[PDB]
Amino acid sequence: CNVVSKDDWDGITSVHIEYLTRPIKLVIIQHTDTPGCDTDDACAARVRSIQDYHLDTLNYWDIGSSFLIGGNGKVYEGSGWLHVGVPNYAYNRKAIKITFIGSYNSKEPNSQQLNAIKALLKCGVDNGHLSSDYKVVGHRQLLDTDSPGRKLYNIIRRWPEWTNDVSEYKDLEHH
Numbered sequence: 002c003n004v005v006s007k008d009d010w011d012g013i014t015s016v017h018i019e020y021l022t023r024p025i026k027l028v029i030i031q032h033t034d035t036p037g038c039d040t041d042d043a044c045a046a047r048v049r050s051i052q053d054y055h056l057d058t059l060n061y062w063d064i065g066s067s068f069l070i071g072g073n074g075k076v077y078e079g080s081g082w083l084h085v086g087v088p089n090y091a092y093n094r095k096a097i098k099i100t101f102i103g104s105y106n107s108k109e110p111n112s113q114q115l116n117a118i119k120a121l122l123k124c125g126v127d128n129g130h131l132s133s134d135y136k137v138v139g140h141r142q143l144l145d146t147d148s149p150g151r152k153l154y155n156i157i158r159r160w161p162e163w164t165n166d167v168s169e170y171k172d173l174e175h176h
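Structure (structure tokens):
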């Protein structure tokens, strides 16, 4: 996949490892709720800032998204296809989490961002990281948040992979 590796954005690769349950049947769309980024360098710096914040202040195992999509249309490797960033909630062991760098309550991601996630998901299915019948939700469907943002959420609701049913995941959390 066309991903910018952790080493190419100078991230911290030595993290505590916990594993996603394969194959993955759930994708959670987020936004960072931060300013956007227009260049490779600015997006790299933002991804670094987020990983530093998650590691050192929130004490996550790694950055809290599997992949991050900057306004430049590039995907930056987060916890990746295999590993877990957020140590709480059972659904974080059963979902690939893709966040868009920026805030998308008032505007949509641009054309290269949406193309980028389309290609990323298709590559995940090609590699078997993602089962062919994976479902898509916005983080707001599982957590009290506006993430991924009103406009982006309205976008993903119209994807064939979206689903409004999360009862299995709520139930898994309760159990």
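The sequence shown begins at 2 in this note's numbering and counts up by one. By construction, the Cβ of each residue, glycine as well, lies at the ideal position given by its N, Cα and C atoms.
Is residue i buried or exposed, if buried means 16 or more other CB atoms sit within 10 Å of its CB?
i         : result
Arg159    : exposed
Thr33     : buried
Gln113    : exposed
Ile13     : exposed
residue 1 : The question about residue 1 has no answer here: the residues shown for the chain are numbered 2 through 176.
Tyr61     : buried
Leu56     : buried
CB residue i to CB residue j, shorter than 8 Å?
i      : j      : result
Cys44  : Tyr77  : yes
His130 : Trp82  : yes
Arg23  : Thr35  : no
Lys75  : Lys108 : no
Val138 : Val167 : yes
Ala117 : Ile70  : yes
On the three-state DSSP scale, how would you describe residue i?
i      : result
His176 : coil
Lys98  : strand
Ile70  : strand
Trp160 : coil
Residue i lies in the beta strand (DSSP E); which residues open and close that run?
i      : result
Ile30  : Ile25 to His32
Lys136 : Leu131 to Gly139
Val76  : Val76 to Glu78
In chain order, what residues of the same chain lie with their CB nearer than 7 Å to the CB of residue i, ignoring the 5 residues before and after it?
i      : result
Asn111 : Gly72
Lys7   : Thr14 and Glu78
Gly150 : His32, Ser104, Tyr105 and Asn106
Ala120 : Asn3
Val5   : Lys75, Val76, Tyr77 and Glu78
Grab me the residues of residue i's own chain with a C-beta within less than 8 Å of its C-beta, minus the 5 sequence neighbours each way, in chain order.
i     : result
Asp11 : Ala45 and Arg49
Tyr92 : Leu27, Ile29, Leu143, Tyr170, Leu173 and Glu174
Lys95 : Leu21, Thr22, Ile25, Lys26, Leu27, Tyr170 and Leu173
With a CB to CB cut of under 6 Å and the five nearest residues on each side skipped, what residues in its chain are close to residue i?
i     : result
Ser80 : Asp63, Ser67 and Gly86
Mind checking which residues open and close the alpha helix (DSSP H) that includes residue i?
i      : result
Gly81  : It is not in any alpha helix (DSSP H) - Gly81 carries neither H nor E in the DSSP assignment.
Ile118 : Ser112 to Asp127
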